[PDB]
Structure formats: C-alpha cells, structure tokens
Amino acid sequence: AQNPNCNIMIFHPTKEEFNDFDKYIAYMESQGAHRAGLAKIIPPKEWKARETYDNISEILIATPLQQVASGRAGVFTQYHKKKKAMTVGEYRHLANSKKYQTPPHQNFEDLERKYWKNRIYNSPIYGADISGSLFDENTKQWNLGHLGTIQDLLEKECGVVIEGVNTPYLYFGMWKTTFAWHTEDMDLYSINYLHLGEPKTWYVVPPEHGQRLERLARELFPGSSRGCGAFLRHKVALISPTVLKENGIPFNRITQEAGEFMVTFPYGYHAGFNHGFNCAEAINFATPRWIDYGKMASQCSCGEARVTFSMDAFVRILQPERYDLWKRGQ
Ligand SMILES: Cc1nn2c(nc(O)c3cccnc32)c1C#N
Ligand SMILES: [Fe+3]
C-alpha cells in the first residue's frame with residue numbers, strides 16, 4: 001500500500017507529464033496521494049496560468065461576506081453576513097487596510113499561531129463562489145475552465161445523460177478568511193489554483209479517518225449535530241489543530257503559495273485560512289474512482305446547505321433512495 005502514513009504528497013510534473021490531466025491524477029493516486037486527502041502540484045517552470053494579473057481590478061464581488069465567529073478560539077462556528085458589492089480593486093484596498101491587513105510575523109508557523117489565537121476576535125470579509133475564470137483561454141494545460149465535466153464523466157461511467165454544467169469559481173480572500181471543515185459536494189474531488197497574492201494554509205483529515213472527525217464534531221457542536229445529521233455540509237464549523245491533536249484526530253497541514261495547485265480527494269475533510277489578500281480559482285471534478293464515493297455521500301436535508309441545480313441529478317441517479325427527502329430540503 002502506497003503512502004500508508006497518509007502524508008500530503010507534493011508533485012513536480014514535467015511539461016510532458018503536465019499535458020494530460022486525468023492521466024496525472026491517476027498517477028498521483030498510484031503513488032498513494034489520495035490517502036492524505038490532499039496533494040500539492042507545482043507546475044513546470046515553463047507553465048503559466050495567464051500573462052499578467054494587472055487587469056483584474058474591475059471584477060465585481062456582488063455579495064462580499066463578512067465571516068462572524070461564535071464560540072471559543074479553537075472550537076467555533078462562523079456565519080456569513082452580506083455586505084454591499086465592491087470591485088476586486090476596492091476589495092484589495094480593504095484587505096490591505098490597517099483593520100484587515102496581515103500582521104507582522106516571523107514565518108508560516110508564527111502566523112498560524114496568531115490565526116488560531118485571535119481569529120474569533122475579528123470578522124474578515126471575502127468573495128466566494130464567483131463564477132468565472134482567470135485562466136487565459138490559450139493556456140492549454142491544467143486550465144480549470146477547460147476540464148471535462150462531471151456530467152460527462154457520470155454519463156461515461158453509468159450510461160445516462162444528465163442535465164447540468166460544471167464551471168469554475170473565483171475566491172477573493174484576506175487575512176483570517178476562513179474555510180470551515182468540509183468535504184466537497186457529493187464528496188467530489190476539487191482542484192484549487194492560487195492565482196495571486198498571499199498563501200493559504202490547509203488542514204486535511206485522511207479519507208479513511210473522516211468518520212473520526214465527524215464524531216468529534218458531533219461532540220463539539222452538539223446543538224448543530226441534533227439539527228442536521230450531516231451538519232458539516234453547512235460549512236460553518238472550525239476546530240483548531242491543537243483540539244484535533246488533543247482528541248487523537250489524524251490530520252496534516254500544508255501551506256499553498258501563489259502559482260501552486262491543490263487537489264482534494266473524495267471524502268477528504270479539509271479546512272484552512274488565508275494569510276492575506278489573495279485570489280484563487282477552484283472547480284469540482286470526478287474520476288471513475290469517485291463514483292462509489294458519490295453513491296455513499298452524506299447529504300444534508302436541514303435545508304441549510306447550498307445546492308446548485310447540478311447536484312440534483314447526481315443525487316437522483318446515484319442515491320435514488322435519498323432523492324425524495326433531499327429534494328424537499330431544497
Ligand atoms: C481548506 C480549504 N478549502 N478551500 C480552500 N480555499 C478555497 O479557495 C476553496 C475553494 C473551494 C473548495 N474549497 C476551498 C481552503 C483554504 N485555505
Ligand atoms: Fe474544499
């Protein structure tokens with residue numbers, strides 16, 4: 001068995017290896033990358049996403065979200081308060097203001113300590129799930145707007161055409177912007193490219209140990225747990241590395257910098273935070289190995305979880321039993 005300790009693997013493909021996305025995902029899995037729940041991919045020195053980021057200031061963040069926390073420093077939930085629209089240029093200026101800017105720090109470990117010590121006492125603002133792409137349409141390799149779709153994969157594996165599309169999303173973050181513990185919709189893969197700016201620190205639980213995190217969350221958020229039987233689907237809960245360690249939860253951490261890809265694997269729980277102003281692009285994707293995970297994915301019927309219409313067909317085909325109740329919760 002490859003990678004039995006479930007370490008996060010880092011890959012440095014050559015330009016030749018970078019020419020077939022599916023093939024390289026499969027290669028990474030042959031080396032056991034998926035066991036960690038997350039892998040980093042450093043693109044060939046020859047590669048670029050686009051020529052320059054000098055012309056991105058006029059993108060609109062229609063609904064910036066302020067992330068307001070409740071609880072304790074290492075165990076907290078966050079809710080999203082809507083703010084007035086701003087452009088990326090205005091958002092960048094806000095992120096670099098005295099109120100929101102990254103504080104002085106010695107290194108990534110120092111900033112991480114500051115994050116978990118003080119996150120709950122500030123309410124950073126970000127732009128999330130903005131449909132669009134910053135890849136140059138002429139970038140031919142690992143262009144997140146030119147991947148094959150999950151709908152075509154499901155048709156290819158299962159024989160059935162379904163409605164739906166699958167397009168990338170942009171994220172604009174600042175210091176302390178927080179990604180709560182979650183897996184992807186339908187326990188899909190995700191690929192995330194950090195286009196520009198300051199780093200992101202990621203935490204991940206190996207997929208074989210996802211249920212341990214779920215059990216701890218039920219203990220730490222007891223009211224939420226009584227509310228939805230899959231409340232981590234709400235994407236509001238945070239648990240620090242110290243608390244994970246105290247509770248024997250296996251996990252790993254890694255910092256992603258501008259110019260690097262991260263892939264999250266089916267049922268790999270992950271959470272993280274931004275170090276300062278940045279822009280990332282992400283999209284979900286599927287391989288044949290995903291199908292069995294999609295069949296088994298937990299669903300929220302709280303009503304609280306966000307659902308795009310594209311997910312309807314995946315539940316409909318892969319989880320016909322659960323479809324009725326999940327539909328109602330939508
Ligand atoms: C832990 C983590 N997950 N995650 C992150 N950042 C994104 O931009 C993102 C986009 C889609 C889905 N998950 C995302 C982080 C960080 N840091
Ligand atoms: Fe994610």
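In listed order, ligands and their atoms are each counted from 1. Side chains are part of it too, since the values below use all heavy atoms of this structure and drop only hydrogens, waters and symmetry mates. Quick note: residue numbers are just sequence positions, from 1.
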Asker: Show the atoms of ligand 1 that are less than 4.0 angstrom away from any heavy atom in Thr201.
Answerer: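 Counting atoms of ligand 1 from 1, those under 4.0 Å from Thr201 are 17 (N).
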Asker: Where the closest heavy atom to atom 1 (C) of ligand 1 is concerned, which of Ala271, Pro168, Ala128 has it?
Answerer: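 Shortest heavy-atom distance from atom 1 (C) of ligand 1: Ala271.
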Asker: Is there a heavy atom of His182 sitting under 4.0 angstrom from any atom of ligand 1?
Answerer: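 So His182 counts as touching ligand 1.
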Asker: List the closest protein heavy-atom neighbour of atom 3 (N) of ligand 1: residue, atom name, distance to the nearest 0.1 Å.
Answerer: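 Of the protein heavy atoms, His270 CD2, 3.0 Å lies nearest.
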Asker: Give a yes-or-no answer on whether the side chains of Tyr189 and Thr287 include a donor-acceptor pair shorter than 3.5 Å.
Answerer: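 Yes, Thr287 and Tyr189 have a side-chain donor paired with an acceptor closer than 3.5 Å.
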Asker: Hey, does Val204 sit under 4.0 Å from ligand 1 if you only count heavy atoms?
Answerer: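 False for this residue.
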Asker: Protein N/O/S atoms under 2.8 Å of the Fe ion (ligand 2)?
Answerer: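 Under 2.8 Å from the Fe ion (ligand 2) - ignoring waters, which are not counted - the protein N, O or S atoms are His182 NE2, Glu184 OE2, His270 NE2.
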Asker: Using a strict 4.0 Å threshold on nitrogen-to-oxygen distance, state whether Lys327 and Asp324 make a salt bridge.
Answerer: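 Salt bridge flag = no for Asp324 with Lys327.
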Asker: Considering non-hydrogen atoms only, spot the tightest contact between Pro64 and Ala85 and give its length.
Answerer: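 Answer, listing the atom of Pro64 first, then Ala85: CD-CA, 3.9 Å.
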Asker: So with a 6.0 Å cut-off around CD of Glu163, is the heavy-atom count from everything else above 12?
Answerer: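 Count over threshold, so yes.
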Asker: Decide if the gap between the ring center of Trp142 and the ring center of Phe11 is smaller than 6.0 angstrom.
Answerer: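 Distance test on ring centres: not under 6.0 Å, no.
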Asker: Checking a contact table here: which protein heavy atom is nearest atom 7 (C) of ligand 1, and how many Å away?
Answerer: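 Checking every protein heavy atom, the shortest distance to atom 7 (C) of ligand 1 gives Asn192 ND2, 3.0 Å.
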Asker: Of all the non-hydrogen atoms in the protein, which one sits nearest to atom 14 (C) of ligand 1, and at what distance?
Answerer: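 Nearest neighbour among protein heavy atoms for atom 14 (C) of ligand 1, to 0.1 Å: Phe179 CD2, 4.1 Å.
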Asker: Could you tell me if the ring centre of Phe265 sits under 6.0 Å from that of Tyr267?
Answerer: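 Centroid separation for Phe265 and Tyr267: 6.0 Å or greater.
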Asker: Taking the ring of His275 and the ring of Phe108, is the distance between their centroids below 6.0 Å?
Answerer: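 Ring-ring flag for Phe108/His275: true, centres closer than 6.0 Å.
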Asker: If we only count N/O pairs under 3.5 Å, is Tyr171 in contact with ligand 1?
Answerer: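 No, there is no polar N/O contact under 3.5 Å.
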Asker: Calculate, to the nearest 0.5 Å, the distance between atoms CD1 and CD belonging to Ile120 and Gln78 respectively.
Answerer: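 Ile120 atom CD1 to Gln78 atom CD measures 12.0 Å (nearest 0.5 Å).
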Asker: According to the salt bridge (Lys or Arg N to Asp or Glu O under 4.0 Å) rule, which pairs have a member within residues 279-288, sequence neighbours left out?
Answerer: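 Residue pairs with at least one partner in residues 279-288: there are none.
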Asker: Any idea how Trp116 and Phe76 line up, ring-wise: parallel (<30°), tilted (30 to 60°), or perpendicular (>60°)?
Answerer: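 It falls in the tilted class, 30° to 60°.
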Asker: Give me the residue, atom name and distance of the protein heavy atom closest to atom 12 (C) of ligand 1.
Answerer: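 Here the nearest protein heavy atom works out to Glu184 OE2, 3.6 Å.
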Asker: Assert yes or no for the condition that the ring centre distance of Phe261 to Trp47 is strictly below 6.0 Å.
Answerer: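 That pair passes the under 6.0 Å test.
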Asker: Quick check: does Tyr203 get an N/O under 3.5 Å from an N/O on ligand 1?
Answerer: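 No - when backbone and side-chain N and O of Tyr203 are compared with those of ligand 1, no distance drops under 3.5 Å.
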Asker: Within the 4.0 Å heavy-atom shell around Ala282, which atoms of ligand 1 are there?
Answerer: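 The list of qualifying atoms is 10 (C), 11 (C).
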